[PDB]
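Before any questions on binding or motion, here is one chain by itself as structure tokens, the form deposited in one PDB entry.
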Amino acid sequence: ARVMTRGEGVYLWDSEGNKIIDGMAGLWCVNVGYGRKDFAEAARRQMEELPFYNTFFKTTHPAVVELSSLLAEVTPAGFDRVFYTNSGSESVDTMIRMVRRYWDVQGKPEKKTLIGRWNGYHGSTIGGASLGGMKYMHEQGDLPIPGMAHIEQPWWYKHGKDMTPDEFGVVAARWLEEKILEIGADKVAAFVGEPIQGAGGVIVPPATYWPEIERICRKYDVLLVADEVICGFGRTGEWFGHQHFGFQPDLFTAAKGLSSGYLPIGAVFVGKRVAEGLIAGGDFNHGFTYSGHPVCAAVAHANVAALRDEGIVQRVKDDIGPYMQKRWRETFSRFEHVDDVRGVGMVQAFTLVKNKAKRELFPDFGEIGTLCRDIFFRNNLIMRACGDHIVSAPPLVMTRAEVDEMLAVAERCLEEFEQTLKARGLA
């Protein structure tokens, strides 16, 4: 069929010469777009010159030292300890072990349960798939493992009932309290959440949600962990998604955001309280000192430098983010089977619905999303279909003109979509 032949900026090309507008590469964290020659050079040099680690060497690799130094400058107050891995899935798994070790060290070994959310996603390790709330992943491996619990997701469109979003955000956060009390606070180690659920369909919680979650976590002496694997490194306009929603996690996980997707890498960023805890047990100290594939760290360093020095993150907050959000809602809000148009910064979405009046979803959630996605692709546009949610997360460097080009095509596709719907009486 059609193979990929080239990537540059926000586009990729196929073997037939088609230019494909990549409206989703940020879900794989390609935040600065394709074709960065300087990143390629950063990798080339490190691979030619240096070893890939070995030991005894009282030192941390110079590529890693530099990356760590730079990250301290761009992360929020209190994150000055970073543990490197090879992926977001590994970062999640390491985080689970850290959270449990922290409580062990505090002399509370029974505090082992982590609480996630249905439709949350935290990667594909046994630990991560257990903490995530995708039912199809739980079946593959008799998951979740012990010390994993789940609460319903803050999806107002489905569960918001007769409530305003804001009233719902309180109710949905209180589900965490209910679960903690059910399990017992002294068996609960942490609550873990993506600031905006990514793979679950860009579920943007109400403004009252995260503050209520945080309040509840502190009330019960439970750690708060953000999974920033999608939302970090400028996706919401802030450097990290938790900054946008105004909560303060005790740890947070990131992945290819570090490298804009150019090479595999992940990290766990550990706040002061937990860091002091772990080091006191002498734990994770070899990881903190020797973690990080130096080639990937070299690319990650060039990337984070670029995001800062080129003003890419600031440009999402001030310029392209507001432009995108306005243009997104302008384009999609009018369609008959489009509802819950949403987004922050450079992540945005809507849901294909049976009936906007009744807030009624299509049956066999996903079938209609697939149809819309298929139309997009026939028209040389990629966006992600998550059930009947259509989601977009383009490179952060996307211009105002590229935004319009993308939305012009998407608009044409929705017009076709609305017609195809009626034409088979699914409307």
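What we label the rigid core is the largest C-alpha set whose atoms superpose within 1.5 Å from one form to the other. Residue indices: 1-based, along the sequence shown. Shifts are known only where both forms have a C-alpha.
Colleague: Determine, among the other compared PDB entries that model residues flanking residue 87, whether at least a third leave it unmodelled.
Modeller: No, residue 87 has coordinates in all the other entries compared.
Colleague: Among the other entries that model both neighbours of residue 139, does it go unmodelled in a third or more?
Modeller: Yes, a third or more of the compared structures omit it.
Colleague: Decide which of the stretches 284-292 and 161-169 has the higher mean C-alpha B-factor, going by the entry.
Modeller: So the stretch with the higher mean C-alpha B-factor is 284-292.
Colleague: Identify the stretch, either 218-226 or 73-81, whose C-alpha atoms have the larger mean B-factor according to the entry.
Modeller: Comparing averages over the C-alpha atoms only gives 73-81.
Colleague: With respect to the C-alpha temperature factors reported in the PDB entry, which of 31, 379, 392, 46 ranks highest?
Modeller: 46 has the highest C-alpha B-factor of those listed.
Colleague: Check the PDB entry and point out which of 36, 384, 400, 358 has the largest C-alpha temperature factor.
Modeller: If I rank 36, 384, 400, 358 by C-alpha B-factor, first place goes to 358.
Colleague: When the deposited Cα B-factors of this chain's modelled residues are ordered and cut into thirds, is residue 414 in the lowest, the middle or the highest one?
Modeller: For residue 414, the deposited C-alpha B-factor lands in the highest third.
Colleague: Based on the deposited C-alpha B factors for this chain, I'd like to know if residue 210 is in the lowest, middle or highest third.
Modeller: Answer is lowest: the recorded C-alpha B-factor places it there.
Colleague: Quick check for you: using the entry's CA B-factors within this chain, is residue 130 in the lowest, middle or highest third?
Modeller: Lowest third of the chain for residue 130's C-alpha B-factor.
Colleague: Residue 16's Cα B-factor: lowest, middle or highest third of the chain?
Modeller: Ranked within chain, residue 16 CA B lands in the highest tercile.
Colleague: Using the B-factors in the PDB entry, rank residue 187's C-alpha atom against the chain and give the third, lowest, middle or highest.
Modeller: Bottom third by C-alpha B-factor.
One more form of this protein exists, namely the form deposited in another entry; it is left out here, but the text below deals with it.
Colleague: Go through 361, 375, 27, 382 and flag the only one whose CA is off by 2 Å or more between this form and the one not shown, rigid core held fixed.
Modeller: So the residue whose C-alpha moves 2 Å or more is 27.
Colleague: What happens to the Cα distance from residue 342 to residue 28 in the other entry: does it get closer or farther than here, with a change of 3 angstroms or more?
Modeller: Result: closer.
Colleague: Looking in the other entry, decide if the C-alpha atoms of residue 26 and residue 239 are closer or farther than in the form shown; they differ by 3 Å or more.
Modeller: It is farther: in the other entry, the C-alpha atoms of residue 26 and residue 239 lie at least 3 Å more apart than they do here.
Colleague: Hey, quick one: aligning on the core, which runs of at least three residues have all their CA atoms off by 2 angstroms or more between this form and the one not shown?
Modeller: Three-plus residue runs displaced between this form and the one not shown: 26-28, 51-55.
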